[PDB]
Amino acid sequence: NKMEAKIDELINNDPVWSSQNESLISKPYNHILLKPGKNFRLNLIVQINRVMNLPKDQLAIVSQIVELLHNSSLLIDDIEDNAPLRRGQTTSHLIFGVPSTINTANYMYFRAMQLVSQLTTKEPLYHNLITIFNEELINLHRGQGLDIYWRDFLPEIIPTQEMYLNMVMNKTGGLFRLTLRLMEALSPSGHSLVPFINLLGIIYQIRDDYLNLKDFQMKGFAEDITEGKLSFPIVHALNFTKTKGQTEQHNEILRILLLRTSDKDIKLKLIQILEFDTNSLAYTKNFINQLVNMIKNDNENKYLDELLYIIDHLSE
């Protein structure tokens, strides 16, 4: 009876959750917050707003939603990629464990979703905001899924440049489009900037792939090699070697990716194969320059001051 009295009180009430329970499970997340880059993601949202003109308090909420998705996605990504470092610091899952980091990151996806309701009281608009949120998160996971499948089951599938670009459109375009589409839907204020934001996302991803090797060849650890990632330079090298009949090189690239090695000489041998044998580094540098010129040479404002600053710091 005292037992049943306690049970009856428990089941007729909401679940008890304290501020202390809250702090305990936020550990994986608080750790990644110490990392910088939040001012650059905020700087993009700000330039875009000069076109969208959302009031500042609404923009603030869009910002928070996007920071949560972004940080949660990096927590998961580092587990998925087995990364030891992120922004010069030890990775959350190595500190608090994969179990807590996975649960916390997923918890934060749902807190971000909860924030959408603070953007309007209008039921029609709300529905659209949630649909955008849902769609681009579906897109993000589809892209990530392919990137991870290709890498983990290599050489089952050797992606082409086309396939790589479609995966980026889902993966990276997912979060870029999500921010921009929420803003365009909230705008109280010409043509959509989705194509432009897609382009920015592609430049962002390929430049990330490139610098990861270029910083190490010349700063960084070419950690993408250790991870075995089918990066833009690797995709070009794998397809170049196949096409030119460089069987031994094609096979050595695969073998090195499959070692998941941290040996600096082995990583440097692969990067020099990309520099002199396949010319994938030059191919990638020029491909990046051509994408950037599609904008810098966009006089007819077909895609489009502060535009450029953003494109040269797109690394942060």
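Don't overthink the numbering: it's just position in the shown sequence, from 1.
*Asks:* Look at the other compared PDB entries that model both sides of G190, then say whether a third or more of them leave it out.
*Replies:* Per the records, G190 goes unmodelled in at least a third of the other entries.
*Asks:* For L129, record whether it is unmodelled in at least a third of the other compared entries of this protein.
*Replies:* No; none of the other entries leave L129 out.
*Asks:* In the deposited sequence, how many residues between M218 and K219 have no modelled coordinates (none, 1 to 3, 4 to 9, 10 or more)?
*Replies:* Missing in between: 1 to 3 residues.
*Asks:* According to the PDB entry, how many deposited residues between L304 and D305 are absent from the model (none, 1 to 3, 4 to 9, 10 or more)?
*Replies:* Gap between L304 and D305: 10 or more unmodelled residues.
*Asks:* I need to verify one thing: averaged over C-alpha atoms only, is the B-factor higher for 276-284 or for 52-60?
*Replies:* According to the entry, 52-60 carries the higher average C-alpha B-factor.
*Asks:* 200-208 versus 121-129: which one carries the higher mean Cα B factor per the record?
*Replies:* Going by the record's values, the stretch with the higher mean is 121-129.
*Asks:* Between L268, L33, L259, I253, which one tops the list for C-alpha B-factor in the PDB entry?
*Replies:* Comparing C-alpha B-factors across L268, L33, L259, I253, the top value belongs to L33.
*Asks:* Going by the CA temperature factor in the entry, name the top one among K38, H70, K264, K27.
*Replies:* That would be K38.
*Asks:* Just say lowest, middle or highest third for the CA B-factor of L186 relative to the other modelled residues in its chain.
*Replies:* Answer is highest: the recorded C-alpha B-factor places it there.
*Asks:* Relative to the other modelled residues of the same chain, rank the CA B-factor of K171 and answer lowest, middle or highest third.
*Replies:* Its C-alpha B-factor belongs to the middle third of this chain's values.
*Asks:* Would you please rank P159 by its C-alpha temperature factor against the other modelled residues of its chain and give the third it falls in: lowest, middle or highest?
*Replies:* Middle third - that is where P159 ends up once the chain's C-alpha B-factors are sorted.
*Asks:* Sorting the chain's CA B-factors, does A222 end up in the lowest, middle or highest third?
*Replies:* Middle third.
*Asks:* Which third of the chain holds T247 when residues are ordered by C-alpha B factor: lowest, middle or highest?
*Replies:* As the PDB entry reports it, the C-alpha B-factor of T247 lands in the middle third of its chain.
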